[PDB]
């Protein structure tokens, strides 16, 4: 299925089954959480002409990062649009990886896809670990 600029999606970890969630505890931390159709679990995609931005349907903040890209950098809500590269996974064409542009750092559900609600979403160097792959589909 198609992913289109202007549309809003939930983003589900292939390993864990939890979704990318803007924590209701602080409205800042990005975590894995069971899907309940919350608007803090919905992300409005925009194609800027060169990359993707992801805007929280609940807060209007954007999906971004805490500090310079590194293994373990936390994803956080940020004020300004933050650009991502989004590609189909090489092994699993149904899923995606979400990269900091022009780097090898992609979104990674921490603890190797720990299913625990509240597990942080982080950056990590790209590799086959399934906790780095995500489905993108309608809420």
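Residue numbers count along the first chain shown, from 1.
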> Given the B-factors recorded for C-alpha atoms, which segment has the greater mean, 87 to 95 or 107 to 115?
Replying inline: 87 to 95
> According to the deposited model, is the average Cα temperature factor higher in 128 to 136 or in 2 to 10?
Replying inline: 2 to 10
> Among 33, 43, 52, 102, which carries the highest Cα B-factor?
Replying inline: 102
>> Split into thirds by Cα B-factor across the chain's modelled residues, where does residue 63 land: lowest, middle or highest?
In response: lowest
> Within this chain, which third does the Cα B-factor at residue 79 fall in: lowest, middle or highest?
Replying inline: highest
>> Please say which third, lowest, middle or highest, residue 29 falls into when its CA temperature factor is compared across its chain.
In response: middle
